[PDB]
């Protein structure tokens, strides 16, 4: 019998399959819904917005969002070995130490603090500042600090921000995140590196104690007593039952609580509505959904042609406080330089090369949404409501983000690039700004929180990532995050899986 089954071979799942199978005494099975990657374009960094909407994208549609001008949103997730890492903008941001302090407060466990995560991040990273005592050296995930390849537009953006008082950082990962810098990227020798590339190497896949099962979707967990006894797996040509001593869920922010709910584990009323028998009433499963938004966008017509970028198109995020460009601390808002004229569907697209967008957002939304299954079946669509822009705090912070973006946008340092502002123009009121923001915001693609880790009775998992009501079931992916990190969450997801991997090797047999 396999000692451990991992469900979902995305970011967290790939790390786990590799790290757990390092113990030759433990048999590991990885079950992944998608196929093995065959698309060449996904290893081309500049083709990243061009692969969602394709075969290996799950492509969800949220409920209409009252906070975003009644707009419904498309959430793209990866369905292949590598998960969302094969689709991602490949930016690497650990987050800010204060982001993780709130995890310690929520979990009651210092292992989720910056100080304890430091060696964890280090184990993950192969970073050119390795030796720092801060950044990792020799880890499987390459971190690349762009310098020469940074587009001239992005450099002018960086100068604009620096001149307002933002300090110059080397990447966002030293523990200091407020400031001005090119985003660090998971790139090596010009080619993007996925979590699957980094951990699921030829050598790893060759291990006898590791089995990878692709094209295979886990439909239900089967319970006996206080334990998961088996998994029903649906494959191309039939379903089958897999037995395991320990089960780790890595299906991501949407698919993990979905699998739980299909299995009879979740809010009783939701399960009833979906026609699923309730075996374990867990009211928080699917709740506390969080995501970052980006206003698309503070659009500027360009004085000269904008090139299609030597990198990943969103080259530089400037995190900052909402009220000052000089103040330090935990970020509150962000403005990013987009070397593509990125706009939501509420706006006509400008001819390519003719314009660029400053993207603006808030780093720690207080809005909280939910996901729920609509039926027992795999193909029954999830009901996703991220509750975008529902709180006054989120709306107000968003106004400051927009203002900050326009302030950076109109700097002399960008006068070589800027012909004029196309969007928003000049709103005369909070109402008009709110309306522009509502029409412009799009997902930053960081859903998380739906199986929240916490020390309170109704949290979904405890500090050890164990589902509270059962004894051999863990959730180890974005779904457990008590709160969003300031920026992109891939690194935090990887850190979650690595601390779980360590915890596992630490206690078992």
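Positions refer to the first chain, counted from 1.
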Can you tell me whether 80-88 has a higher mean C-alpha B factor than 292-300 in this record, or the other way round? 80-88
As the entry reports it, the stretch among 309-317 and 241-249 with higher mean C-alpha B factor is 309-317
From 401, 430, 270, 233, residue of greatest CA B-factor: 430
Out of 104, 340, 387, 278, which one has a C-alpha B factor higher than all the others in the entry? 340
Ranked against its chain, the third holding the CA B-factor of residue 284: middle
How does the C-alpha B factor of residue 57 compare with the rest of the chain: lowest, middle or highest third? highest
Compare the C-alpha B factor of residue 121 with those of the other modelled residues in its chain, then answer lowest, middle or highest third. middle
Quick check on the deposited entry: does the C-alpha B-factor of residue 131 sit in the lowest, middle or highest third of its chain? highest
Quick check for you: using the entry's CA B-factors within this chain, is residue 482 in the lowest, middle or highest third? lowest
